[PDB]
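Undergrad: Here the sequence shown is numbered in the entry's author numbering, starting from 16 and rising by one per residue.
Have a look at this one.
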Amino acid sequence: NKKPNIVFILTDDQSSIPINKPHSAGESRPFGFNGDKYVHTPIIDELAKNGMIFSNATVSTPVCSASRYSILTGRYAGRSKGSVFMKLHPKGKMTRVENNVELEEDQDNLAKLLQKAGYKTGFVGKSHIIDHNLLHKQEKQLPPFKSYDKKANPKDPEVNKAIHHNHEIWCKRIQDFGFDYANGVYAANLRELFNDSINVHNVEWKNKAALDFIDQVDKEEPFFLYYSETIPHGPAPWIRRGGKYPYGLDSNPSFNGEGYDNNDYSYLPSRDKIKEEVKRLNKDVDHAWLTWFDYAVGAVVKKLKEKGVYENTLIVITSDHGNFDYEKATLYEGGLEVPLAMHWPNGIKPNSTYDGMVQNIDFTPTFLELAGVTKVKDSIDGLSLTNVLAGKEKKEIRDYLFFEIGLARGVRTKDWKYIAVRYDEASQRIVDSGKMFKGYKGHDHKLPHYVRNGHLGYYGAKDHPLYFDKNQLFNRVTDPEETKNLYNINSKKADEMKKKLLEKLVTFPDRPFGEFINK
Ligand SMILES: [Mg+2]
């Protein structure tokens, strides 16, 4: 009654950048409210129109684990004290953040804090931020997990049992980090299941898990639901093969992250009907997966209404980071920029917009304020958005944004972006040796990628001539596509931006970075 419910709905690798042509040529599309004219997302568009659209939402680290970490903590990913992260980055060494950060079992996170405030907390979908040591055991199918062949048939009773068993372990482990419920979970991505048949997205499976959570909330108790999609992450649902979409709408709805099960999803359209509707509206059939999702969000809104809690629920729709033009795990705009809308009938006026710089670190301090939490242990980097949400604040709430990905750090203002890349000791030694780096599919390279992941580095560098430039300065008014390095043309401005970067770097104890902070 006094505390609003929060439903946080997150897609995976979905830029806000619209694709202004009928064939998207291997790119994701954003929602209709982001300006894509080729999609059909009416429920989500109406939620956005009847709430607040943020046109300059960013993430501090544009790669899955790091973005998710920040979302659920309010802190920069470079502050993680996760077990794997600290083994890679002992005190006194620079950090190289990628998919290697996790929630710490004895530190604050949003879910733990909301539980202390009296919220029932629920988790559905993709994690990527819990127990990376256990993730390694999942990938290798080591105890406590059970093993199966990559080509195994999940209808096979012994195989189905193994995959179900592995899914139950993650449900239990996720609830050690502040959740009262966890179901429809993925430890990481579809890849890490190592099974061809279940290497498919399943909107319905996770949606039913979400609705089951909402059903079990007592009507007078506040709740928080973290609803984390796999879509449209690789293998992308839009991939057309033999006239079909085998990773999305034409996959078997019986295959899911827990194996095989014939569940009743008749409260959603059939997958065929989804495709039929998009084709009838002369919208892009490759991206019918967005309408598939729209209906799932529609079922959530229907359930909230039926329970009489819709008007006092804050629904957030966003993505963890972009992947436009292979700019995932870079500090270019196709990684940083994400869709963001917020809908809350009793707290946000409709037809609202905010164009100031906001960041994923802002979600936790915002929700904490709405939940009446005033005492936290771990310092928060983000800012509460509640004055923006209430329509009181129409100015910028910060002078600049900070970013970090692997060997790269960056800052941006409204009009300028600065990126610095500085090498770890191991990379620097290979560079000194004159030997090339062993690359993805034999694409060896002279200089390090920002990240250790050679697949991401290969794709991020392939059509980006400036990728390896150690100092990059872009004017966002004369060069929105970031094709012209002004570092040597505007040295005074570069120095001004370096000051802003240093102000953020010095807040990470025992973390050097090139000549900014010496080892
Ligand atoms: Mg992602």
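We put the CB at the ideal spot given by N, CA and C, even for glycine.
Report the CB separation of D340 from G349 in whole angstroms; it is logged as a contact under 8 Å.
TA: Correct: roughly 5 Å between the Cβ atoms.
Undergrad: So the candidates are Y196, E411 and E419; which of them puts its Cα closest to the Cα of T428?
TA: Among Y196, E411 and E419, the Cα nearest to that of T428 is on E411.
Undergrad: Could you tell me the alpha carbon to alpha carbon distance between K223 and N214, rounded to whole angstroms?
TA: Answer to the nearest angstrom: the Cα atoms are 19 Å apart.
Undergrad: Closer than 8 Å: is that where the CB of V174 sits relative to any heavy atom of ligand 1?
TA: Not under cutoff, so the answer is no.
Undergrad: Tell whether a beta-carbon distance below 9 Å holds between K450 and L488.
TA: No, they are not a contact pair.
Undergrad: Is the beta carbon of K343 within less than 8 Å of some heavy atom of ligand 1?
TA: Under cutoff, so the answer is yes.
Undergrad: Tell me the DSSP secondary structure of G199 in three-state form.
TA: Correct three-state label for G199: strand.
Undergrad: Check for me: the beta strand (DSSP E) holding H180 runs from which residue to which?
TA: Where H180 is concerned, there is no enclosing beta strand (DSSP E), although the alpha helix (DSSP H) it sits in stretches over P172 to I189.
Undergrad: For the pair the segment 122-134 and the segment 238-246, tell me if three or more CB-CB distances fall below 8 Å.
TA: Touching, yes, given that three or more Cβ pairs across the two stretches are closer than 8 Å.
Undergrad: Just confirm the distance between the C-beta atoms of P169 and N20, as a whole number of angstroms; I'd bet it's less than 8 Å.
TA: That belief does not hold up - the Cβ atoms of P169 and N20 are roughly 35 Å apart, past 8 Å.
Undergrad: Under three-state DSSP, which class holds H104?
TA: Of the three classes helix, strand and coil, the one that applies to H104 here is coil, per DSSP.
Undergrad: Hey, out of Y91, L385 and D276, whose CA is closest to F418's CA?
TA: Selected option, being the one with the closest Cα: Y91.
Undergrad: Here's the rule: buried if 16 or more other CB atoms are within 10 angstroms of the residue's CB, otherwise exposed. What is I504?
TA: Its Cβ having fewer than 16 others within 10 Å, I504 is exposed.
Undergrad: Could you compute how far the alpha carbon of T333 sits from the alpha carbon of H151?
TA: Looking at the two C-alpha atoms, the distance is approximately 28 Å.
Undergrad: Can you tell me which of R188, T245, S142 and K364 puts its alpha carbon nearest to the alpha carbon of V403?
TA: It is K364.
Undergrad: Considering only C-alpha positions, which residue in the set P463, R526 and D430 is nearest to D494?
TA: Residue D430 is the option with its Cα nearest to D494.
Undergrad: What whole-angstrom Cβ distance do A314 and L226 have, given they're in contact under 8 Å?
TA: The pair is a contact, with the Cβ atoms about 6 Å apart (cut-off 8 Å).
Undergrad: Run through the segment 363-398 for me and flag every whole alpha helix (DSSP H) of 4 or more residues, listed as ranges in chain order.
TA: Those alpha helix (DSSP H) runs which fall completely within the segment 363-398 and span 4+ residues are 378-385.
Undergrad: I need the boundaries of the beta strand (DSSP E) containing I24, first residue and last residue.
TA: Residues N20 to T26.
Undergrad: Which residue spans inside the segment 474-513 form an unbroken beta strand (DSSP E) run of at least 3?
TA: As far as the segment 474-513 is concerned, its whole beta strand (DSSP E) runs of at least 3 residues are 486-490.
Undergrad: Less than 8 Å between the CB of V78 and some heavy atom of ligand 1, yes or no?
TA: Answer for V78: yes, Cβ within range of ligand 1.
Undergrad: On the DSSP bridge assignment, give the partners of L240 in chain order.
TA: BP columns for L240 point to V22 and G137.
Undergrad: Sort out for me which residues DSSP pairs residue 6 with in a bridge.
TA: No statement about residue 6 is possible, as the shown extent of the chain runs from 16 to 534 and does not include it.
Undergrad: Who are the Cβ neighbours of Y502 in its own chain at under 7 Å, not counting the five residues just before and after it?
TA: These residues qualify, in order along the chain: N486, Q487, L488 and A509.
Undergrad: Suppose you measure from the CA of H479 to the CA of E352; what does that come to, to the nearest Å?
TA: Taking the straight line from one Cα to the other gives about 18 Å.
Undergrad: If distances are taken between C-alpha atoms only, which option among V116, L422 and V316 comes closest to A203?
TA: Closest option to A203, Cα to Cα, is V116.
Undergrad: Mapping the DSSP letters down to three states, classify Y433 as helix, strand or coil.
TA: In this structure, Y433 counts as strand in the three-state DSSP scheme.
Undergrad: Identify the residues that DSSP records as bridge partners of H460: which are they?
TA: Answer is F452.
Undergrad: Pull the bridge partners of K259 from the DSSP assignment, please.
TA: DSSP, once it has assigned bridges, lists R256 as partnering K259.
Undergrad: Starting from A423 and walking both ways along the beta strand (DSSP E), at which residues does that stretch end?
TA: Segment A423 to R427, the beta strand (DSSP E) holding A423.
Undergrad: Measure from the alpha carbon of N468 to the alpha carbon of each residue in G421, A311, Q190 and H182, then state which is nearest.
TA: When each option's Cα is compared against that of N468, the closest is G421.
Undergrad: Can you tell which of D60, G47, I24 and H55 has its C-alpha closest to the C-alpha of residue 1?
TA: This structure does not reach residue 1, given that the chain is present from 16 up to 534, and the question cannot be answered.
Undergrad: So the candidates are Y415, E42, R188 and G93; which of them puts its Cα closest to the Cα of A72?
TA: With distances taken between Cα atoms, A72 lies closest to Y415.
Undergrad: I'd like to know if the segment 127-138 and the segment 188-206 are in contact, where contact means that at least 3 CB-CB pairs between them fall below 8 Å.
TA: Short answer: they touch.
Undergrad: Roughly how many angstroms separate the alpha carbons of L149 and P159, rounded to a whole number?
TA: Those two C-alpha atoms are separated by around 9 Å.
Undergrad: Please state the DSSP three-state secondary structure of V74.
TA: DSSP places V74 in coil when its eight states are reduced to three.
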